[PDB]
Structures are given as C-alpha cells and as structure tokens.
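**Q** first chunk of the complex, coordinates as they sit in the assembly:
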Amino acid sequence: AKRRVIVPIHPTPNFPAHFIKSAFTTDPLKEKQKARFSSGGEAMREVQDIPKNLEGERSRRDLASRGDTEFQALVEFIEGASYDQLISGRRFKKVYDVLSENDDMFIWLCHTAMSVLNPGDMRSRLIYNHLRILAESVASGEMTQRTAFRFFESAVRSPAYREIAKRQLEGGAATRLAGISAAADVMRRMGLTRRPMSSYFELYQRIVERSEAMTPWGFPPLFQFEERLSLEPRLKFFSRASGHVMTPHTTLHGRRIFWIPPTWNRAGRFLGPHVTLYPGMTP
Amino acid sequence: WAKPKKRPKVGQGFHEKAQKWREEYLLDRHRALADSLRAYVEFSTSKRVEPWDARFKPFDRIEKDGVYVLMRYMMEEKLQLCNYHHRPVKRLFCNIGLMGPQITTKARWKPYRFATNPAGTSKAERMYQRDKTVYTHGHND
C-alpha cells in the first residue's frame, strides 16, 4: 500500500527532547490534525486553579501586604486607556470575576428571603442564627446551596408551628421585610464583602429585577439550584446576567486582536490587522 | 502532471508522399500566384464605381450643379485616368483645393469593400460574386 516511512529524530543541541515529542510524530496517520495548546507559569496558574497553601514567613507576609484586590483589578482594566496599552477583555474578565466572586452566595440568600412562605419571624435570634450559620456554610463551600436551603426550611422553629401560623397568616405567606433586613444583616455581620454596602445592594437589586417575571417567586425544583444539568448563564435565576457571503473566508480581516499572529506559510494574502485599504482623508 | 505518453512511429512511404504533396502543392501555387497577379493588375487598370457617398453632401447635390460642376470641367481627365480608385480620387480632391478642407471632415465616402466594385455594378450581391480562387486580398474584380 506504499505506507510512508518516517525516520525518528533524536534530541539535538537546538532540538530538545520535549520539543521533539511535541512538534514531531512518527505515525503518519496523525499528521495534519490540528493545533495543540499548553501553558507555562502564569496561564497555568490561572487555568489549573490550585489554591495556594498557607506557609512560612513569605506567604504570611504576602497575606499581610495583600491590600484590596477588587480595586487592583479595576485599576488594571482602566489602565488600558493609557496611551501605550490597549483596552483588554481579559483585564475586564478578571475585574468581573472579582466583582462576582461571591455572587451566588447572594443568590442563595435571595431564595431564603423570597422563595419561602412563612419562614417564621426572621428577627428572632433563633431563626436568625440558623440563617447566619447556613450562609457562612454556603460561602466557603462547606455545603451545597440545595442542601443549605433544604436545611433552612427544615430547621427547627417552634412547636405546633402551623397552628400558630393560622393565628397570623391566611394562606401562609408572611411579609418579606424581616427576611431581607435579616439577610442583609447576616452578610454585614459575617465579613462577606470588602465594601459594606455591596451586600445590601446586590441582594436588593436581584429581587427587584425578578419582580417583573412571570411566576417570579416559584422555581422548578431541578433548575433552582446546583444539579447535574443546569440553565444557560443568561437564564439562571437571580443571576447578574438576566462580506456576509465572504465572511467565513474573511475571518482575520477585521480589526482583530490576535493570540498568535498569522504567518506567511499559513496565510497567503492577509496583510495584517492594522492595514487600512480604503483610507479616508482626515486633518 | 502525467508522464507524457510516447509518440507513435512515423509511417511507411510517408516521406515520399509528403515530399510529393508539398512539391506539387508548390507547382500549383505557381499558377495560383500567376493567376492572382493577372487578376490584381487587371483590377488596377480597370474602372470602378464612384467612391463618394451621394447620400451626404457635398455630393447629394444635383449632378448639374455644385461639386459635380467642379468635377466635370476641371477634374474629369484626372479622375478618369486613375479609374476612380478611391485612394487617388480622394487625393486628387485634396489637391484641387476648391473644396478644400471638407474632403475628410464634411464629405462621406463608401466603405472600403463597396468602393471596390467594378464600374456599372447594379446589385450589392456583386461583393460576394468575385472570384474566390485568387489571392488578391479582395483587390480582385
């Protein structure tokens, strides 16, 4: 069948071992596949997300001098308006991720405020301590939101609870103020946010947006919380996120940020992104 | 890119056949040439139709007046001498100067192939009735 015979190449002063096994393959059914991607120090530290360990003096020194990361991210995004840099979608992504680091925690709290008919009186130290503890356990990942919610509603309140509820409520829906003042109170007294207001604002906002939705305070049991299958990030419930003939061959041809810029072997007629072919006249 | 397939052998007795064919092709070409030179010179000497277009002016005008007068009394001998071939006719009209600038600009002349017809031509079909065995380049009667 005239099978292609490839001679193996041994490491060389300019052609090291890992280079060989990565850039060269002796099995020629594996030629012309596609490009592969790897990472070194910083892109790997981002991707792999290995939480550091506390350690001896240097790590604690670095915890001390740490300062505000939320403001740092923002500075670094903003700094793309400096004359010598561009405005980066990555710098913005890092900004975003630090603004939303808690996020879902707030989301959880929404459900405890709005998703529960008659959660007792939420001012009383008892139910309050239930709420406090469960919140601190949703943050710091000790519990799943589902488990914490099912805990919250099944938490112990008071004997003959329903029959006491018949002495206040008709159809068993209490008033939601005590709940929100409580759920803001917890996030404030827990240290959840670096800047104090953010707790209250986010919790409030997320409710006000959902107020306009059809059947706002009910949720399908499966999509309400963490489960195997989920909703797309636009539809998640209290979430923050709620030519033309020639274009596939054009691709590169706009104003395009690149990663690896194209090269002359791999692109025949492309001139580079900066090029302006039909220039206008400007003073 | 296919490997070119080899050309077959020449043939037999073909060298003599070809020698012969070209040879008598030339001996024929001699009578072709002779006949055509006769036809060409014969054309050159014989008379032709008037090269001007009588549908425009200064020609449409009645043959008793205007240009034709200038032609009858002053130019006649000259025009008949060159047998109304369009090149010397136009050139003579240039040199007579009493028309002067107009010969090219205002006046209008029959297209090349029509102006080439023999004197006394009646129907246009006469363009395609000229002999086709002769090589004069449409310069034969």
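**A** Nice, I can see it. Numbers count the residues shown, from 1 in each chain, chains lettered A, B, ... in the order given.

**Q** Next, count neighbours for residue B:39.
**A** By other C-beta atoms under 10 Å in any protein chain shown, 19 other residues sit near residue B:39. Backbone N, C-alpha and C define where each C-beta goes, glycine included.

**Q** The residue nearest to it when sequence neighbours are not counted - how many residues pack around it?
**A** Spatially, and ignoring its direct neighbours in sequence, residue B:39 is nearest to residue B:140 (4.2 Å; C-beta to C-beta, 6 or more residues apart in numbering or on different chains). Neighbours of residue B:140 under the rule other C-beta under 10 Å: 19.

**Q** dump the residue contacts of residue B:140.
**A** If you count contacts by C-beta atoms under 8 Å, 6 or more residues apart in numbering or on different chains, residue B:140 has them with B:36, B:39, B:40, B:42, B:43, B:130, B:131, B:134.

**Q** now the host helix or strand of residue B:37, how far from the centre of its chain.
**A** Using DSSP states H and E, residue B:37 maps to helix B:14-45. Helix B:14-45 sits 21 Å away from the centroid of its parent chain (C-alpha atoms, centre = their mean, to the nearest Å).

**Q** Please work out which residues outside the helix or strand just after it touch it.
**A** Where DSSP H and E defines the elements, the next helix or strand beyond helix B:14-45 is helix B:67-69. The contact list for helix B:67-69 (C-beta under 8 Å, 6+ apart) reads B:58, B:59, B:61, B:62, B:99.

**Q** In space, what's closest to the first one - neighbours in sequence excluded?
**A** This points to residue B:58. Of all residues not flanking residue B:58 in the chain, residue B:67 sits nearest, at 4.7 Å (C-beta to C-beta, 6+ apart).

**Q** so how far is residue B:82 from that neighbour?
**A** From residue B:67 over to residue B:82 the distance is 18 Å, taken as C-beta to C-beta, to the nearest Å.

**Q** Same check on residue B:52?
**A** Distance of residue B:52 to residue B:82, computed by C-beta to C-beta: 14 Å.

**Q** more neighbours, those two?
**A** residue B:52 (23 against 16).

**Q** For the nearest residue to that one once chain neighbours are set aside, give me its contacts.
**A** Of all residues not flanking residue B:52 in the chain, residue B:59 sits nearest, at 4.9 Å (C-beta to C-beta, 6+ apart). The contact partners of residue B:59, taken as C-beta under 8 Å, 6+ apart, are B:52, B:53, B:67, B:107, B:108.

**Q** Chain C should go on the structure too:
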Amino acid sequence: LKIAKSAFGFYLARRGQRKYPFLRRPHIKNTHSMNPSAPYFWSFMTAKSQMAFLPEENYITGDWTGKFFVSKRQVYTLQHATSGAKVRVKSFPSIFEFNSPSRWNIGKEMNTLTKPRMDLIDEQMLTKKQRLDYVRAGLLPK
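**A** One more chain to add, chain C, which I have set with the ones above:
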C-alpha cells in the same frame, strides 16, 4: 505535455490556452510562412528593404565537408534553378527537396515555398482517439 513529440515533451507544460506578450511565443512555428499574396508578394514574410543583402545562409562561410539541408531562410537564387544541384530543406516528417525548378521561386525564401502545415494527414502517426477527433473536425473521412 500530453504526447511527447520530441525531447521537450518531458520538460514542458502547456498551461492551458495561455496568452503570451505580443509577438513573443517561446517556440516559433510559422504556420503562416506560406500565405499567398499577389499584391503583397515582395513585402510579405521577406526583407523589409529590397536594398538589403541576402542572409548569411546564401553563402558558404567556411571550409565545409558539406551539408544535408540548407536552412529555410536561404533565399532561392536563379542558380538554385539553373545549376541542377540538390537543394534540401528541413521540414517534417523528414526533408523537403527542390526537385522541379521554376523561375517563380526566385527571390523568396524557402521559408515561403514550403508548406508548414500540410493537408495530407497520415493516420499511422495518430492514436485511434486522435483519429476520432480529426473526424470530428471533418478532416479525416469516416
């Protein structure tokens, strides 16, 4: 090339029907070299001046053992007729010979007296396919 008619058929590509800059085509083949003109007879495919000397090839340049064919640009001279000697020209398939002398030849090149593309077509040099195609053209009878 498809068929190799010569050496070069191995080396050369046709490249479709391809246009060359005016009056430069790599292989000069004068199909028009014999192209009858009564009135233009002395000016067509001949010396741009009548006052020029005959080419190099009308003269013996050096001591020759002898030649097979004289070059096609050698003009026919009255002696070519009179002397009654072999006058050979390289044409295809093999060689053309001036055998039957005439004075109508004189003063033209044998580039002009030799028909480059003959109407006689051997079927022995043709593939069966080629013969079919020539039949399409209404050249070969069938």
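
**Q** Check the neighbour count of residue B:140 one more time with chain C there.
**A** Neighbours of residue B:140 under the rule other C-beta under 10 Å: 21.

**Q** ok, now residue A:127?
**A** There are 21 residues near residue A:127, going by other C-beta under 10 Å.

**Q** Confirm it sits in a strand?
**A** No. Assigned with DSSP: H, G, I helix; E, B strand; the rest coil, residue A:127 falls outside any strand and is helix.

**Q** That one contacts residue A:112, correct?
**A** No. Applying C-beta atoms under 8 Å, one finds residue A:127 not in contact with residue A:112, separated by 10.3 Å.

**Q** which residues do the two both contact?
**A** Between them, residue A:127 and residue A:112 share the contacting residues residue A:119, judged by C-beta under 8 Å, 6+ apart.

**Q** Run a quick neighbour tally on residue C:24.
**A** Using other C-beta under 10 Å, residue C:24 has 7 neighbouring residues.

**Q** so is it in a helix, a strand, or just coil?
**A** Secondary structure assignment for residue C:24 (three-state DSSP): coil.

**Q** Show the contacting residues for the spatially most central residue of chain B.
**A** Geometric centre of chain B, nearest residue: residue B:139, 3.0 Å, by C-alpha atoms, centre = their mean. Taking C-beta under 8 Å, 6+ apart as the criterion, residue B:139 is in contact with B:40, B:43, B:116, C:38, C:39.

**Q** do that again at 6 Å, thanks
**A** By C-beta atoms under 6 Å, 6 or more residues apart in numbering or on different chains, the contact set of residue B:139 is B:40, B:43, C:39.

**Q** and if you look at residue A:269?
**A** Not one residue lies near residue A:269 by C-beta under 6 Å, 6+ apart.

**Q** if I look at it, how far off is chain B?
**A** 26 Å (C-beta to the nearest C-beta, to the nearest Å).

**Q** Help me see whether the longest helix anywhere in chain C makes contact with chain B, please.
**A** Longest helix in chain C, counting residues (DSSP state H): helix C:128-136. No. Remark: helix C:128-136 sits outside contact range of chain B, by C-beta under 6 Å from any C-beta of the partner chain, the gap being at least 9.4 Å.

**Q** do the same with stretch C:84-97
**A** Yes. Counting by C-beta under 6 Å from any C-beta, chain B has neighbours in stretch C:84-97: C:93, C:94, C:96.

**Q** Also put chain D in, sequence below:
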Amino acid sequence: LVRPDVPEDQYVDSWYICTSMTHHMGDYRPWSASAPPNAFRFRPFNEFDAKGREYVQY
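**A** Placed with the earlier chains, chain D looks like this:
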C-alpha cells in the same frame, strides 16, 4: 484599535508575520513628544495645517 495608538513612525510592518512591531521594542512615545510643546492638533506649528503651511509659504 489593534495596536497602541501612537504615531506610525514607531511601527514597522513585519516581514513574514502579518502584524506590526515597534522598531524600538516595547517602548512607546505618546503623540505629545512628536510635536513641539503644547501644539494645537499636534503640529509643527499652530498657524496652519500641512496644505496651509505650504501655500502660505508659496
């Protein structure tokens, strides 16, 4: 913008790569350093534009 916005004399079109590079690698001078101090629409001089300078001169 694809590349930092700076006078294009600092950019060279690369060979073999479709992209541009800085002929002083990685360094940048802002427009303000091309023209004289406090130049209106940074300019050789504030009076006229290019064409204006030229025909005034004429």
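
**Q** Please reconsider the contacts of helix B:67-69 now that chain D is part of the model.
**A** residue B:58.

**Q** buried ones in that helix?
**A** For helix B:67-69, a neighbour-count test (16 or more other C-beta atoms under 10 Å in any protein chain shown) marks residue B:67 as buried.

**Q** Stretch B:68-82 now?
**A** Those would be B:71, B:75, B:79, B:82, for stretch B:68-82 by 16+ other C-beta under 10 Å.

**Q** contacting residues around the longest helix of chain C?
**A** With C-beta under 6 Å, 6+ apart as the contact definition, helix C:128-136 has outside contacts at C:123, C:140, C:142.

**Q** Contacts for the host helix or strand of residue A:45, please.
**A** For residue A:45, the host element (DSSP H and E) is helix A:41-48. Residues from elsewhere that reach helix A:41-48 (C-beta under 6 Å, 6+ apart): residue A:39.

**Q** Kindly report the same for stretch A:185-200.
**A** Stretch A:185-200 has contacts (C-beta under 6 Å, 6+ apart) with A:70, A:131, A:132, A:135, A:136, A:184.

**Q** now the third one: how far from chain D?
**A** Applying C-beta to the nearest C-beta, one obtains 49 Å for the distance of residue A:132 from chain D.

**Q** Can you classify residue A:70 as helix, strand or coil?
**A** Three-state assignment for residue A:70 (three-state DSSP): helix.

**Q** So it sits against residue A:98, correct?
**A** Yes. The criterion here is C-beta atoms under 6 Å, and residue A:70 meets it with residue A:98 at 5.0 Å.

**Q** which one of these two has more residues nearby?
**A** Comparing residue A:70 with residue A:98 by other C-beta under 10 Å, the one with more neighbours is residue A:98, at 17 against 14.

**Q** Tell me, how many residues neighbour the residue nearest to the more buried one when sequence neighbours are not counted?
**A** Distance criterion C-beta to C-beta, 6+ apart; nearest residue to residue A:98, sequence neighbours excluded, is residue A:73 at 4.6 Å. Residue neighbour count, defined by other C-beta under 10 Å, stands at 19 for residue A:73.

**Q** which residue sits closest to residue D:19 in space, ignoring its chain neighbours?
**A** Counting by C-beta to C-beta, 6+ apart, residue A:261 is the residue found nearest to residue D:19 once chain neighbours are left out, at 3.9 Å.
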